[PDB]
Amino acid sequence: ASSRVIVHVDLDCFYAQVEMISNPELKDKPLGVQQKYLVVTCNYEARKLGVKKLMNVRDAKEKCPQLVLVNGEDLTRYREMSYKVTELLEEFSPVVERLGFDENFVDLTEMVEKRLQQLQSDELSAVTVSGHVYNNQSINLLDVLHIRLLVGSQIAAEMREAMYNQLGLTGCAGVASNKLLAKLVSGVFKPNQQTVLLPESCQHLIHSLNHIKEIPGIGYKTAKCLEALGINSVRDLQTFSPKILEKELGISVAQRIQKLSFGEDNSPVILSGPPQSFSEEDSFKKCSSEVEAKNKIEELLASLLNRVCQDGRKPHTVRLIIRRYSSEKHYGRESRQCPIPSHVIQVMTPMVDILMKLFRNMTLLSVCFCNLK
């Protein structure tokens, strides 16, 4: 269990795709999915006209006045389609890890190997790639790692075809030897295309990034830290002192991100299975007076109860989350958590009242059920 073949599947303009399927009249029209003041995503017709992902509505309608907007605040249908995609992938190989609602990783290593043991010592020379080869790299048919990655590209093309034929969804895929690289390479040709990464082009792909924030795993805060240190390019990170990095970011953060800067990433694809929590949210800027609003909490609850039910298992914890107004105090939500009584597991009024007291203990209200069993 050394060399892996991993695929990262990444759907095209996911919420917009779901809305275009629901209302066929939105096809070939420029479309944005709105949540509050944000155009959270848009179809590719809208991107040709200047609309970017996560652009506020104002900027977006003055870049593109004719933009059709649909409301995407209720995630129900996106969430449903997202699990349909994961399940279809699980049918290929069971170990599928979700990332957000529209990305999945699958470890294809076992599948690839079983396909190779099936071919004769003749048709191995007929193995061909499906889709793009990153950096137009030459294939060496006597290189076993090349052969396995190409069989990985064929599986990926089968997955994308099944998604289209069974669920009507288009998506990109990237095939590589670990999750970092599969995820980086999946986005090289978009929309609705796939690319495979041969090992010799791994430095080319990593150095194609323009800042270390682009590395999945290095977030807003770590990037701000690395900068403070004079680290800006992937190369700066690759060459920087391991010791200074260690005694500055913790040993954990430091040795992992430095590895990532080389293209190295041993993390396993983890079976996501059923979700670990179920929540719903409501935003309203200045609107929570601090008493009048629990009617909101009752609404969040009623939706949640139907979902948490549906699932089969039951939650043993409830949590209440709030955010508060004033100045740009850039992070700071607050939560109170307590167990759910065992009487009340086996519905509304007692839940509403647990919530209200938790409220009393303490722009945004949400409820989250977790600790499912």
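For the two forms, the rigid core is made up of the largest set of C-alpha atoms that agree within 1.5 Å on superposition. In case it trips you up, residue 1 is the first one in the sequence shown, and so on.
Next item on the list: Taking the root mean square of C-alpha distances over all structures and residues in 9 other deposited structures of this protein, with a rigid core superposition, name the larger of 282-290 and 125-133.
Entry: Larger mean C-alpha displacement, comparing 282-290 and 125-133 in 9 other deposited structures of this protein, is found in 282-290.
Notebook entry, point to check: Between 237-245 and 291-299, where do the CA atoms move more in 9 other deposited structures of this protein, taking the root mean square over the structures and residues after a core fit?
Noted result: Checking 237-245 against 291-299 in 9 other deposited structures of this protein, I find the farther stretch is 291-299.
Notebook entry, point to check: When the other PDB entries of this protein are compared, is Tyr331 left blank in at least a third of them?
Noted result: yes, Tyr331 frequently unmodelled elsewhere, at least a third of entries.
Note to self: Residues without coordinates, deposited sequence, stretch from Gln346 to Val347: is the count none, 1 to 3, 4 to 9, or 10 or more?
What the structure shows: Missing in between: 4 to 9 residues.
Next item on the list: Return whichever of 56-64 and 31-39 has the greater mean Cα B factor according to the PDB record.
Entry: Mean CA B-factor is higher for 56-64.
Item checked: Of 42-50 and 334-342, the stretch whose C-alpha atoms average the higher B-factor in the entry -> Taking the mean B-factor of the alpha carbons in each, 334-342 is higher.
Item checked: Options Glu123, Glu264, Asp102, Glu110 - largest CA temperature factor per the record -> Comparing C-alpha B-factors across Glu123, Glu264, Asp102, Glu110, the maximum falls on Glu123.
Check: Which of these has the highest Cα B-factor in the record: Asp74, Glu298, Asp143, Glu87?
Finding: The C-alpha B-factor peaks, among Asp74, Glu298, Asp143, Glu87, at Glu298.
Note to self: Split into thirds by Cα B-factor across the chain's modelled residues, where does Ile21 land: lowest, middle or highest?
What the structure shows: CA B-factor rank for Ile21: middle third.
Check: Ranked by Cα temperature factor within the chain, is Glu91 in the lowest third, the middle third or the highest third?
Finding: As the PDB entry reports it, the C-alpha B-factor of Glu91 lands in the middle third of its chain.
Margin query: Sorting by Cα B-factor within the chain, modelled residues only, which third would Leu372 end up in: lowest, middle or highest?
Written below: Its C-alpha B-factor, which the entry lists for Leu372, ranks in the middle third among residues of this chain.
Checklist line | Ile215 - Cα temperature factor, lowest/middle/highest third of chain | finding: CA B-factor rank for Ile215: middle third.
Margin query: What third of the chain does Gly250 rank in for C-alpha temperature factor, lowest, middle or highest?
Written below: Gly250: CA B-factor falls in the highest third of its chain.
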